[PDB]
Amino acid sequence: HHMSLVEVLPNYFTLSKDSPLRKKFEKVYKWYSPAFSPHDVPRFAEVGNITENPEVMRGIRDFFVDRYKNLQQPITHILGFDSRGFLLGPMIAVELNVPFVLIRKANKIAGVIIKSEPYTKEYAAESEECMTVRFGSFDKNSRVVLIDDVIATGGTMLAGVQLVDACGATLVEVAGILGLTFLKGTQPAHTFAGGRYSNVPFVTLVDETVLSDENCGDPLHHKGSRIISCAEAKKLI
Amino acid sequence: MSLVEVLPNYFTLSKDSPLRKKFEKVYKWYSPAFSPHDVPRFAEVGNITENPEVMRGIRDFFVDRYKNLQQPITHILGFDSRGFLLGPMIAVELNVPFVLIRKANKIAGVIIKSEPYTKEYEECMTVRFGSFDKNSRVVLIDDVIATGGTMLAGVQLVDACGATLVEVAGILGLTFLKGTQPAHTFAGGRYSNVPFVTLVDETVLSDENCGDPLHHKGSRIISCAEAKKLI
Ligand SMILES: O=P(O)(O)OC[C@H]1O[C@H](O)[C@H](O)[C@@H]1O
Ligand SMILES: O=P(O)(O)OC[C@H]1O[C@H](O)[C@H](O)[C@@H]1O
Ligand SMILES: Nc1ncnc2[nH]cnc12
Ligand SMILES: Nc1ncnc2[nH]cnc12
Ligand SMILES: [Mg+2]
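From first to last, the protein sequence lines are chains A and B.
Counting in the authors' numbering, the first sequence runs from -1 upward without gaps.
Here the second sequence stands for residues 1 to 121, 126 to 235, where the numbers follow the authors' numbering.
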């Protein structure tokens, strides 16, 4: 059940074009235009169509569990980003028998917490929002994987790298299910702190080629706002 | 393990359940000075997710409960953001969709929005139209059930599609808040026969599993530069 990666940019890996798991993603991943999306990027890849497909979810789980089980030196923690990284990390961490550590927006986490620098995303300019992690959840002897759903500009991953760096831990790999390689999202993590993390592979199972013209999820016709009330929805039962 | 009905249709693990005993050792609570929310005892979910044995116990309990049914469950619906930590690992083992119930401006497509809701500490939940339908048999899942306002928002969305609500599931039920009441009184009591099942309850929060750092000086939020001086 092994699936194969190809290095498409330096330390940016994605599944081969012919990979059976990629073909499964191609049938389920849909993108939405600004008219039907919470953020007006050209093609918004809704994670719910992935979580609604248990076969693809199992393929994601199996890929990363097998990958990290077969390392010569095991990982000790998986760190996942609020909110969509939360959907992917725990099912991997439970099979590896490692902690799943939450990286959360402001302060959401109780106790003593470490805050990143203010982050940016493909669709978010810098503001006061930072990512945080619980102090004491991992340390300088930890070997960690950062996981999210999408890697676009790499701003979110940079915030995670800053938090890993704040504890002196070893960053083994950055993991996701969709990498928009034309945005070169490896760059922030790979140039932070004078290149301290340039040897960290990014592994995103599929890439922008999954967001094909035939994979638009927009309704072909829809009355009014995409946001409907419960009473309006009941008339469609 | 075995469940005890502590309030009408509000079930939790027995006092001697081995899984309850594991929760007792792992769960920590935080006072308002060390928590993001103004409640006496805030039960941080990160201490659960950091313990793979307890996560496996949670997953195995619900997978075992919901498998091999005469009428199978068709979908697990989980709440943004902490329900997202629990639902997928169960759904993958049951081989069913996990459906996101999300806060505003989070799901793409045509979406159904609930009435405004409140929590223990305006704002509405949403679900993608077409993720489930009147023939679905669904479980709602979250980490904590407190006032039940969040669960009521989920019930409204399930009701909006005519689906069968099979069960309400969580890991921590604060029974003194009687969180069954919003869901069980909605629409004239239409869902009053739906059990709430929360693995543990407020008795898991004792004097001895308080997580407050009793010696920490200054702000509980530290910068990366400050954290590195502690390495
Ligand atoms: O930071 P970027 O790489 O630009 O964008 C990816 C992030 O933005 C969205 O919240 C995704 O779920 C990821 O957390
Ligand atoms: O709505 P309540 O039952 O009062 O509070 C429970 C919710 O409040 C917190 O976000 C928890 O994660 C649940 O989603
Ligand atoms: N294009 C995109 N689609 C979905 N989630 C994203 N997060 C950042 N960019 C995204
Ligand atoms: N006391 C509490 N602890 C953790 N999460 C909660 N959500 C609502 N009430 C809560
Ligand atoms: Mg968000």
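All C-beta atoms, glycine included, are put in the ideal place defined by N, C-alpha and C.
Please name the residue in A:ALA104, A:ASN47, A:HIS37 whose C-alpha comes closest to that of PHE98 of chain B.
A:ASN47
Would you report the Cα separation of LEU19 of chain A and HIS219 of chain B, rounded to the nearest angstrom?
50 Å
Closer than 9 Å, CB to CB, is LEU156 of chain A near chain B or not?
no
Against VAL39 of chain B, what residues of chain A qualify as contacts under a CB-to-CB distance less than 8 Å, listed in chain order?
Under the 8 Å cutoff, chain A gives no residues; its nearest Cβ is about 10 Å from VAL39 of chain B.
Does any C-beta atom of chain A lie closer than 9 Å to the C-beta of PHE61 of chain B?
no
Mind pulling the alpha helix (DSSP H) runs of 4 or more residues that sit fully within the region 52 to 96 of chain A?
52 to 67, 87 to 94
What residue range is occupied by the uninterrupted alpha helix (DSSP H) comprising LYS22 of chain B?
18 to 26
I'd like to know if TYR30 of chain B contacts chain A, where contact means its C-beta is closer than 9 Å to some C-beta of that chain.
yes
What is the C-beta distance between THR184 of chain B and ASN9 of chain B, in whole angstroms, given that I count them as a contact (C-beta under 8 Å)?
6 Å
Which stretch, first to last residue, makes up the beta strand (DSSP E) that contains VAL4 of chain A?
3 to 7
Taking 8 Å as the cut-off, is the CB of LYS103 of chain A close to at least one heavy atom of ligand 5?
yes
Check the Cβ-Cβ distances between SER210 of chain A and every residue of chain B, and say whether any is below 9 Å.
no
For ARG132 of chain A, which residues in the same chain have their Cβ closer than 6 Å to its Cβ, ignoring the five residues on either side in sequence?
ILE107, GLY109, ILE111
Below 7 Å on C-beta distance, what does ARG132 of chain B contact in chain A?
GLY46
Taking one C-beta from the region 214 to 234 of chain A and one from the region 189 to 203 of chain A each time, how about it: are there three or more such pairs within less than 8 Å?
no
Throw me the rounded Cβ distance for the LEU176 of chain A and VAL148 of chain A pair, which I believe falls under 8 Å.
5 Å
Using a beta-carbon distance below 9 Å, is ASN9 of chain B in contact with chain A?
no
What are the boundary residues of the alpha helix (DSSP H) that includes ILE111 of chain B?
From DSSP, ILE111 of chain B is part of no alpha helix (DSSP H) but of the beta strand (DSSP E) over 111 to 113.
Considering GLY158 of chain B, what are the terminal residues of the alpha helix (DSSP H) in which it resides?
153 to 164
Does any CB atom of chain B fall closer than 9 Å to the CB of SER140 of chain A?
no
Just by C-beta distance, which residues in the region 158 to 184 of chain B are closer than 8 Å to chain A?
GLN160, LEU161, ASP163, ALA164, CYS165, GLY166
Hey, would you say the C-beta of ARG41 of chain A is under 8 Å away from at least one heavy atom of ligand 3?
yes
Would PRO36 of chain B count as contacting chain A if we go by Cβ distances under 9 Å?
yes
Within a Cβ cutoff of 6 Å, which residues of the same chain sit near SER35 of chain A, ignoring the five residues on either side of it in sequence?
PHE42
C-beta neighbour in chain B for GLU124 of chain A, strict 9 Å:
no
Neighbour-count burial assignment, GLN160 of chain A, 16 or more Cβ in a 10 Å radius
buried
Please go through the same chain and pick out, in chain order, the residues whose beta-carbon is closer than 8 Å to the beta-carbon of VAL63 of chain B, but skip the five residues on each side of it.
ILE90, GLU93, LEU94
Have a look at the DSSP bridge pairing and note the partners of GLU171 of chain A.
A:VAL143
Ligand 7 and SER81 of chain A: does the residue's C-beta get closer than 8 Å to at least one heavy atom of that ligand?
You won't find ligand 7 in this model; what it holds is ligand 1, ligand 2, ligand 3, ligand 4 and ligand 5.
With DSSP as the reference, label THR118 of chain B as helix, strand or coil.
coil
Whose C-beta lies closer than 6 Å to the C-beta of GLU126 of chain B among residues of the same chain, with five residues either side of it excluded?
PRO116
When you compare each of A:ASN105, A:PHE190, A:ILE76, A:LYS233 to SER135 of chain A by their alpha carbons, which one comes out closest?
A:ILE76
Does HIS(-1) of chain A get closer than 9 Å to chain B when you measure Cβ to Cβ?
no
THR207 of chain A bridges to which residues according to DSSP?
DSSP output for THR207 of chain A lists no bridge partner at all.
In the DSSP output, what is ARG102 of chain B paired with across the bridge?
B:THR130
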